[PDB]
């Protein structure tokens, strides 16, 4: 009893509120907009009865691989941000969001790998990512504003 669709401009202040409720990393309005315009096909929301209850915001880029050691550039997707409102957690929504985004990154944007950063103490997200075959690649020391470390996590597409 949730449905998944691509995010639209009208979704964004609902998205921003979700972000502010669930996450310390609170991006300004234009940030969400630029990513919706640039990588929209992989940017999904989860809807319950006309309200947004979750989102995933993607990025697509050229960069060096986290999966293999090559001197040349590869096309990568990144999970910039993902959140599901507490009320609707453990229903498979974050899983459905990430799979939908990964599919688009692969098919619409020709990314060959995806990565993200997650707090070393965010054990629910880590568990989620690991169930989706994400692996720990690196520890990013003092990555977050409050000084906490991050796992850089990655997987092939």
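Positions refer to the first chain, counted from 1.
Of 36 to 44 and 62 to 70, the one with larger mean CA B-factor: Between 62 to 70 and 36 to 44, it is 62 to 70.
Per the entry, higher mean C-alpha B factor between 1 to 9 and 148 to 156: Looking at the recorded C-alpha B-factors, 1 to 9 comes out higher on average.
Highest recorded Cα temperature factor - choice among 95, 122, 26, 101: Among 95, 122, 26, 101, the highest C-alpha B-factor in the entry belongs to 26.
Lowest, middle or highest third - CA B-factor, residue 22: Tercile = middle for this residue's CA B-factor.
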